[PDB]
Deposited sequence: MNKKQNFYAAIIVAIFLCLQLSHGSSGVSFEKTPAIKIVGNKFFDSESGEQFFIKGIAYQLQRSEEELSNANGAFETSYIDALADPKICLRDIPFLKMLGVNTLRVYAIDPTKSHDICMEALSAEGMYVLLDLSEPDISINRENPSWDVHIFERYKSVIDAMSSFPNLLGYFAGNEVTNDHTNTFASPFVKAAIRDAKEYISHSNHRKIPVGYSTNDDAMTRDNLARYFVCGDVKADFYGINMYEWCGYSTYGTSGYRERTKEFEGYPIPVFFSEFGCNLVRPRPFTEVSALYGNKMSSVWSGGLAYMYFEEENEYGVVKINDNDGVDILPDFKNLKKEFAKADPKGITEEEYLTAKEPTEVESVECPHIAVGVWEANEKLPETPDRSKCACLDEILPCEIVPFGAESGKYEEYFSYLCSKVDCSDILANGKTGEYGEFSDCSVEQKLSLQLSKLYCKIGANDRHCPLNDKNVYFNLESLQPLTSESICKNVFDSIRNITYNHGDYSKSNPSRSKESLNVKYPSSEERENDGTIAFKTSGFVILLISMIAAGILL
């Protein structure tokens, strides 16, 4: 049963409970365990392990949260036990689609079949749960003025995740984005993710401006609130909780759910539940795997308990595309033109028909540098500044390298692929006459 968590929907720039019609405010906390050859995932999935999640939900109940942010799940595992247990306490989940080893690389951005398959796998694993609030299609991909050209790839991912969900039988769970708070890029990022024909469904900011006993005016919260007034999609703090002054008083919570900010922001999520040698936890898991409550816990609890955001209703709220930021060198370099939807069938054709292949199972930079001096690699390049995306730039890195290696076609016709490496092999399927 999911009776205590009706699905949340979006109308305009606010979240609403689909049954009651009351505005939904996120009162959240991040919930994600870390690890301190390859028979286990690098990330830990607490929502796939009942002994972990059922230990912590009682403490999450005491905190008074209605939402968790989860950064990584293992889509091959079941999550029904933990998601139902969360639902029984009225708790929702915001979930990143990416994971540390399968994300849009801000240093070399691509939007390809490998990353898209990850996103699809998470969507298909988690979309049956009414308490899945929303998906993040990226987290702080562009994070300063040197990598703004990564953002078109994130917008493509938003578009394609939304389209995949639309064409599925699933509930149309919204897909948004989580950004950082770099002064020189933040305004352009916010506009970019609602500009043109593709829009984020909601916008999370990882917000650490309020440290210690600050105020609405002095923290920067007032200027942020004025900046986001009239923003066309729901906006909230996807992280908060500056730890400069400890124990964290969390007095930002009073501002966030007060009358000035509650008309603009849809709440936020504290970072985070677990203490991981970083002074950001509200609990520490001891050597006996038990929960030890830390000094921050009582302050966050008291602040969430006192918070009482005066929202509006769905019916009372109900009673011209925005221009993308212009390009300026060294400032904003995200083209409005987005890469195409990654095509698994076209890229799977390369696995079938190419004479020379390379298995995945340092070498990429060396072999791309080598091969792209011998053949034209334009067809696998993707440029988010200029909006030029090669025909096969949506294929996996190994497919891309295999294409260039095959482009063999020297013309010896002797099944000897022109690259010395154990991962290189001649594909016998290429001989069989998409």
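Where does the structure fail to cover the deposited sequence at the C-alpha level? Deposited residues absent from the model fall in 1-28, 65-72, 356-362, 405-408, 455, 458, 483-488, 490-555.
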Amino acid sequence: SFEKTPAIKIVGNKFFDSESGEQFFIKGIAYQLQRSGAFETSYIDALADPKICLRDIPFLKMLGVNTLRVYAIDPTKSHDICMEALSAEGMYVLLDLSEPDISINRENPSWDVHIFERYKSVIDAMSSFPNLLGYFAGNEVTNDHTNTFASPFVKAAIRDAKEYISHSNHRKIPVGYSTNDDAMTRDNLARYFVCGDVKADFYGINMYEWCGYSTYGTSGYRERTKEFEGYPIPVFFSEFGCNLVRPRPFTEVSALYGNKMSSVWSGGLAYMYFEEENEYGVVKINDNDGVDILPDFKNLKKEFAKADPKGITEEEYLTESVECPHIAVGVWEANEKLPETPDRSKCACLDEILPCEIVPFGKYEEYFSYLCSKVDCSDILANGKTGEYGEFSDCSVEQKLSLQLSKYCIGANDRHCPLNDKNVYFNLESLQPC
From here on, numbers count along this sequence of modelled residues.
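Definition used throughout: the rigid core is the maximal C-alpha set that superposes within 1.5 Å between two forms.
Could you tell me which of the two stretches, 416-424 or 5-13, has its Cα atoms lying farther from the shown structure in 8 other deposited structures of this protein after fitting on the rigid core? Looking at 5-13 and 416-424 in 8 other deposited structures of this protein, the bigger mover is 416-424.
State whether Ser36, though modelled here, is left unmodelled in a third or more of the other entries compared. Per the records, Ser36 goes unmodelled in at least a third of the other entries.
Check: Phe361 without coordinates in a third or more of other entries: Missing in at least a third of the others, so yes.
Mean C-alpha B-factor comparison - 51-59 and 64-72, higher one: Mean C-alpha B-factor is greater for 51-59.
Return whichever of 345-353 and 157-165 has the greater mean Cα B factor according to the PDB record. Between 157-165 and 345-353, it is 345-353 that shows the higher mean C-alpha B-factor.
Out of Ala30, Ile26, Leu401, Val375, residue topping the C-alpha B-factor column of the entry: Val375 has the highest C-alpha B-factor of those listed.
Member of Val122, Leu94, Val331, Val291 with the greatest C-alpha B factor (per the PDB record): Most elevated C-alpha B-factor of the set, per the entry: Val291.
Comparing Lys363 with the other modelled residues of its chain, is its CA B-factor in the lowest, middle or highest third? Ranked within chain, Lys363 CA B lands in the highest tercile.
Record-listed C-alpha B factor of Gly176: chain third: CA B-factor rank for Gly176: lowest third.
Taking the values exactly as deposited, rank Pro232 by C-alpha B-factor within its chain and report the matching third: lowest, middle or highest. CA B-factor rank for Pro232: middle third.
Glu223 - Cα temperature factor, lowest/middle/highest third of chain: According to the entry, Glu223 has a C-alpha B-factor in the chain's highest third.
Chain third (lowest, middle, highest) by recorded CA B-factor, residue given as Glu40: Within its chain, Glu40 is a highest-third residue by C-alpha B-factor, going by the deposited values.
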